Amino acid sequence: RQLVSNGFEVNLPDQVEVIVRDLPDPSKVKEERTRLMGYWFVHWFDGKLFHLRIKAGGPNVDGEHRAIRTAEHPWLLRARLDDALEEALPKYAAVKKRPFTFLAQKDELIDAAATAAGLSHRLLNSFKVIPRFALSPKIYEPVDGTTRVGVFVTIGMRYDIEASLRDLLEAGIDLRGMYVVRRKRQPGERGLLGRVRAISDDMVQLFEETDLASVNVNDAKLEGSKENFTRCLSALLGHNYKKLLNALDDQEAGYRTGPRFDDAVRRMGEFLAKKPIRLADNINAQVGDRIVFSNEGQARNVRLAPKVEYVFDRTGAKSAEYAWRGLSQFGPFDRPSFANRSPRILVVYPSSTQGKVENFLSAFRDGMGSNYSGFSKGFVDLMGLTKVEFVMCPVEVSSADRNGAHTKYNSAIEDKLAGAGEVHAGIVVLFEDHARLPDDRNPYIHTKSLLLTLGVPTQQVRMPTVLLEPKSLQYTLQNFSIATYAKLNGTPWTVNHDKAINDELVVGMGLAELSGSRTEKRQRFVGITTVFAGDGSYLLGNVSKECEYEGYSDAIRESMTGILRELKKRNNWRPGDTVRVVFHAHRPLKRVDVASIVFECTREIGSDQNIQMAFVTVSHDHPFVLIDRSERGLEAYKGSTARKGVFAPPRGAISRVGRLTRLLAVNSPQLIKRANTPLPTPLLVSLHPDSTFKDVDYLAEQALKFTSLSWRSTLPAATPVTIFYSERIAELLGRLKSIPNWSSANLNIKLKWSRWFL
């Protein structure tokens, strides 16, 4: 019935007396906050400076003496609450402001976990994992039209390596190549320094340096990355350190699992409620009841969308609630019409892996048999094909080759394809040592580039994957198979939809930011994905091939007007039919581009039809989480009383935060991985205020459905494919643009229907 938040009501005064000055130049703000510090809280907003006296005593300030009512303009006290919260907890130092973020004072989980696993070492004490809390004052709407201010509590972990580098070398750890950051960060300065090349002195030489190429061991520390944690801890504890890691894992679950997260939030609120918070020398705020999402009173703030249906035919008849159960039963959605029932697949691999590749190939095509029910039938039978012909392309290359692997792959491919006929896809096997080389010598991107130029999509695979034990291999081959079929132009499945309106187009934009290393400046690229309403089905449209970030707003416009025009011809809209267009991205569009897009789409479809348009952003990293106390979770393992997903809301729960925003739960207990998996964070779905379509509950459920549309895997994706696919297109095309002999000519010819980006 009810969903509990991680936030607390804040009781504020109805009203606060203020002094206002017009200050059209906001540069002035800096100095004025200083001149009046301590006596005045100061705030700029729409051309005016607002002054809230906090302590008696000059300096005095001029301006109009206006009252500000909290119900009408809650931004004022919300901002003041950022500062007030810090001052209410003066024993807890801010490591970050707005939101106020601070460290637990006693608990330190590496010590705790070493003790708990029975481990010790003289440098452990310099490895620290400390709980970090943030208190975020946010405006929300308990019912439509009335605003309130809540305080939302979030929990993470500071990882830090405070050990001096002299010790870590002397203890047996190769520092070479690790990233190094400033111990003491310079006022609004960069922290990262570079990577350690060597040490011959108290100063260390750097490569991939951000500043000067030298700094003192006492100005520098390792960054608190996991990489540096495991590299350092394996080379001081191993191979026993895995016992530490899971011990550490056990400790953090003590702050992040549902019940334990709910408890820490409760205790934070009890602490914050003990006194009143001092907004000013005689005005008080009071932290109150835990905020809830419910349908009690006049509130209609929680709902549960129905389960998504994976659908495998166009009459609606062949549906399932899980993609893979649906695929095995029915075979793929487009099986009746699928054109090429005998595909020829190039398989490019190091000659010395031959036997391993043949067994992976045999399992993929013909299956693993009934002892491995995850992948019994194999690709040909799973997808309803006649057969699959493999064209073997061994490459005489060794994992130690670091400079010429790519040219050897590309020469082998070229010489093999010149005799042979047409191949319809390829499989490229990569050595793990080659997978992450720089792109100028990386065989993943060069073989991808060569084969895409020729109109051949590829499914690549790293040797550690080819060698997976059978219990995992079966799942690997489910995803491998779904993406290969899609790259052969197949459609594995759709998700259900009942059209209220005569046509619905969703288009999404994604971003990728590319650089050779953490020093070089990242270059932005974009991708565009389209999805169409069908008869009971969401259908994946075509996909961008141009990827430059400069001008992306015009590219959104062209793809929409072009698709609308084509949809009108196909479907032959009647006078009075309603067309709906939805846009998806991880960031909001500018108002001016919304206006430009509405205008062009409105003109394109013309006056015979009604057009509805909605502009949506999907956020993952916000201060909101949802707790379902009625949820006991699931049994994790055999002989395991321990549970997973305890308090996790169900997949499809949609909570109202305000008029334009919903919280969307995607990871149910069924999908949560492990007993120690944190309480999941829901997606935040936000509607652009200039949208002409306003039903964000519907848009929240549409985004949910689009997570189930991913053909990269049998399991749902963490964001709708409108965005996800586009990010994958953007990164690929971005990388390919710099590869010699890359050409996009075939992306709209041979690859027009290929899901080559999966």
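Only the largest set of C-alpha atoms that superpose within 1.5 Å between the two forms is called the rigid core. Residue numbers here begin at 1 and follow the sequence given.
### Task
Could you tell me which of the two stretches, 193-201 or 70-78, has its Cα atoms lying farther from the shown structure in 7 other deposited structures of this protein after fitting on the rigid core?
The more displaced stretch in 7 other deposited structures of this protein turns out to be 193-201.
### Message
To spell it out: superpose each other structure in 7 other deposited structures of this protein onto this one by the rigid core, compute Cα RMS over structures and residues for 620-628 and for 183-191. Which is larger?
### Response
Between 620-628 and 183-191, the one lying farther away in 7 other deposited structures of this protein is 183-191.
### Query
If you average the CA temperature factors over each stretch, which comes out higher, 59-67 or 709-717?
On average, C-alpha B-factors are higher across 59-67.
### Task
Check the entry's C-alpha temperature factors for 348-356 and 493-501, then say which stretch has the higher mean.
493-501 has the higher mean C-alpha B-factor.
### Candidate set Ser596, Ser164, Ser619, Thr476 [ranked by C-alpha B-factor, highest]
Among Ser596, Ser164, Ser619, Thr476, the PDB entry lists the largest C-alpha B-factor for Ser164.
### Residue, from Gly508, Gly118, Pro443, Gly562, that the PDB entry assigns the highest Cα B-factor
Comparing C-alpha B-factors across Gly508, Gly118, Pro443, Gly562, the top value belongs to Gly118.
#### Entry: Assigned third (lowest, middle, highest) for the C-alpha B factor of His43
Middle third.
### Task
Could you look up the Cα B-factor of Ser744 in the entry and say which third of the chain it sits in: lowest, middle or highest?
Within its chain, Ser744 is a lowest-third residue by C-alpha B-factor, going by the deposited values.
### Query
For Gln205, does the deposited CA B-factor place it in the lowest, middle or highest third of the chain?
Its C-alpha B-factor, which the entry lists for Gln205, ranks in the highest third among residues of this chain.
### Message
Going by the CA temperature factor in the PDB record, which third of the chain does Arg122 belong to: lowest, middle or highest?
### Response
For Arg122, the deposited C-alpha B-factor lands in the highest third.
### Query
Taking the C-alpha B-factors as the PDB entry records them, is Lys694 in the lowest, middle or highest third of its chain?
Middle third of the chain for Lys694's C-alpha B-factor.
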